[PDB]
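These notes are about the structure you will find just below.
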Amino acid sequence: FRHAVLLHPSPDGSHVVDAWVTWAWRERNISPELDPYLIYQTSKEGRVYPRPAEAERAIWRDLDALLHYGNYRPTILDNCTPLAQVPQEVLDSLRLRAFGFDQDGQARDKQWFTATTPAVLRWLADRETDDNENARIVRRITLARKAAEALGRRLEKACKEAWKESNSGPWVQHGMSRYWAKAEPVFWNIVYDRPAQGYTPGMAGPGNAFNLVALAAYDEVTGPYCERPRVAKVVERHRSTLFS
DNA sequence: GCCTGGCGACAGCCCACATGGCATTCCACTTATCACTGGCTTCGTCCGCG
């Protein structure tokens, strides 16, 4: 470990009284091979780093554990969860859990959250017990998740690009907060097939349901600043990208 | 006491429009400007003040 701890005991051993947190190494070493658990990302210059936790995705409880219904995927999951592996039925009832600690890479810290996948999503598939309405449920759910995330990144980059341009960002924080808060019930309406705006029950896919929520959150955030024509032109150039 | 009815006489009828018209040119700007600050850690050293 990069950190070295020593805990001074209480005489009974019931508690710790003092603690020493200090370095064990002066020279850092590259740890060989990427960590299976984390989700990685490559960025211009080609450097590979783990995707940071975001407390905005924790606003919608348990969104990361929906990772199973899926581009880039953690290797441990991609070895043990799929069908090349070896178990027979086990894979049907496995369910994913994630521990995320969103914080600064320095000493500031913001939020942590656990996230087990809901057992309702797979159990709603077995209530029926048919090959087709079930594969269609699973297809819908996987489809819903894909739409919500693609427009989550589209909306992050939208707000981020617009904020930088408008001043020649704080818009991203409220953008994502509003996004997942509004995008959470529309997802659960798409799964149950209940009627959600931007969606028609029984449609083959998400149906633009998600693209509408992103536009409403974005327009909710950039709303007071689309007044001046110069800034309004920038904001419009970047909301247009969320039109899909 | 409450409810209802009454208080000269006070006019009637007929009549009501057709037709026509309703504009057109031109002209619509430039320039300059567009903030800062911070909300990490512990410790050590230096400088200032008493």
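Here the first sequence stands for residues 276 to 345, 349 to 446, 463 to 538, numbered as in the authors' numbering.
From the three backbone atoms N, C-alpha and C, an ideal C-beta is built for every residue, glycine too.
Q: Hey, could you find the ends of the beta strand (DSSP E) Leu433 is sitting in?
A: Sequence index remark: in the first sequence, residue 433 carries index 155 (1-based). From DSSP, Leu433 is part of no beta strand (DSSP E) but of the alpha helix (DSSP H) over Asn410 to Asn445.
Q: Taking 8 angstroms as the threshold, find out whether the segment 506 to 515 comes into contact with the segment 465 to 473 through three or more Cβ pairs.
A: yes
Q: Assign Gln467 to one of three DSSP states: helix, strand, or coil.
A: The residue you call residue 467 lines up with position 173 of the first sequence. DSSP places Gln467 in helix when its eight states are reduced to three.
**Q.** Same chain, Cβ closer than 7 angstroms to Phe379, neighbours up to 5 away in sequence not counted
**A.** As a working mapping, residue 379 is identified with position 101 in the first sequence. Closer than 7 angstroms at Cβ, skipping near neighbours: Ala328 and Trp390.
Q | Per-residue DSSP class, three states only, for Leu374 | A | The residue given as residue 374 occupies position 96 in the first sequence. Three-state DSSP puts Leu374 in coil, outside helix and strand.
Q.
For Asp293, tell me which candidate among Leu342, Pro284 and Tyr315 has the shortest Cα-Cα distance.
A. To locate residue 293, count along the first sequence from 1; it is residue 18. Of the candidates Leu342, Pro284 and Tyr315, the one whose C-alpha sits nearest the C-alpha of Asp293 is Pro284.
Q: Have a look at the DSSP bridge pairing and note the partners of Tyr324.
A: Within the first sequence, residue 324 is the residue found at index 49, counting from 1. According to DSSP, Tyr324 bridges with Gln316.
Q. Quick one: is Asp339 buried, meaning 16 or more other Cβ sit within 10 Å of its Cβ, or exposed?
A. Taking the first sequence and counting its residues from 1, the one referred to as residue 339 is at position 64. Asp339 should be labelled buried.
Q) What did DSSP end up calling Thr394 once you bin it into helix, strand or coil? A) Within the first sequence, numbered from 1, the residue matching residue 394 stands at position 116. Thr394: strand per DSSP, three-state reduction.
(Q) Once DSSP output is grouped into helix, strand and coil, what is the label at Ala294? (A) Here residue 294 corresponds to residue number 19 of the first sequence, with the count starting at 1. Three-state result, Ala294: strand.
(Q) Applying the 10 Å Cβ sphere with the 16-neighbour rule, what's the burial state of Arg423? (A) In the first sequence, residue 423 corresponds to position 145, counting from 1. The residue is buried, with at least 16 neighbouring Cβ atoms inside 10 Å.
Q. So, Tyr324 versus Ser318, is the Cβ gap smaller than 8 angstroms?
A. Your numbering for residue 324 matches position 49 in the first sequence. Your numbering for residue 318 matches position 43 in the first sequence. Their beta carbons are under 8 angstroms apart, which means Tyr324 touches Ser318 by this criterion.
Q. For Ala279, which of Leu341, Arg472, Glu530 and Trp298 has the nearest alpha-carbon?
A. Reading the first sequence from its first residue, position 4 is the one you call residue 279. Minimum Cα distance to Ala279 is reached at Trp298.
Q) Is there at least one non-hydrogen atom of the ligand ADP closer than 7 angstroms to the beta-carbon of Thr394? A) The model on display carries no ligand, and the ligand ADP is accordingly not part of it.
Q: Would you mind working out which of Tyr473, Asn483 and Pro489 sits nearest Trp335, comparing C-alpha positions?
A: Walking along the first sequence from the start, residue 335 turns up at place 60. Among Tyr473, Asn483 and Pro489, the Cα nearest to that of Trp335 belongs to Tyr473.
Q.
Give me, in chain order, the residues of the same chain whose beta-carbon lies closer than 8 angstroms to that of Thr494; leave out the 5 immediate sequence neighbours on both sides.
A. In the first sequence, residue 494 corresponds to position 200, counting from 1. So the qualifying residues of the chain are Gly501.
Q.
Whole angstroms are fine: how far does the CA of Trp300 sit from the CA of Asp310?
A. Taking the first residue of the first sequence as position 1, residue 310 is located at position 35. Taking the first residue of the first sequence as position 1, residue 300 is located at position 25. For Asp310 and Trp300, the distance between alpha carbons rounds to 21 angstroms.
**Q.** Buried/exposed call for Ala503, threshold 16 Cβ in 10 Å
**A.** As a position in the first sequence, residue 503 is number 209, starting the count at 1. Label assigned to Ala503: buried.
(Q) Since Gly499 and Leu421 should fall inside the 8 angstroms C-beta cutoff, what is the C-beta to C-beta distance between them, to a whole number of angstroms? (A) Taking the first residue of the first sequence as 1, we reach residue 499 at position 205. Taking the first residue of the first sequence as 1, we reach residue 421 at position 143. About 5 angstroms; that satisfies the 8 angstroms criterion.
Q: With a cut-off of 8 angstroms on the beta carbons, I'd call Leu369 and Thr359 a contact; round off their distance for me.
A: Within the first sequence, the letter at position 91 stands for residue 369. Within the first sequence, the letter at position 81 stands for residue 359. The Cβ separation is near 6 angstroms, so the contact holds.
(Q) If you reduce the DSSP assignment to three classes, tell me which class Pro307 lands in. (A) By one-based count along the first sequence, residue 307 stands at place 32. In this structure, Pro307 counts as coil in the three-state DSSP scheme.
Q. In the DSSP assignment, what are the bridge partners of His278?
A. Taking the first residue of the first sequence as 1, we reach residue 278 at position 3. Partner(s): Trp298.
Q) Is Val529 closer than 8 angstroms to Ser444 when the C-beta atoms are compared? A) Within the first sequence, numbered from 1, the residue matching residue 444 stands at position 166. Within the first sequence, numbered from 1, the residue matching residue 529 stands at position 235. Contact flag set, yes.
Q | Contacting residues, own chain, Cβ-Cβ under 8 angstroms from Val485 (five flanking each side not counted) | A | In the first sequence, the residue the question calls residue 485 occupies position 191. Cβ neighbours of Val485 beyond the five flanking positions: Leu399, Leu402, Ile415, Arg418, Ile419 and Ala422.
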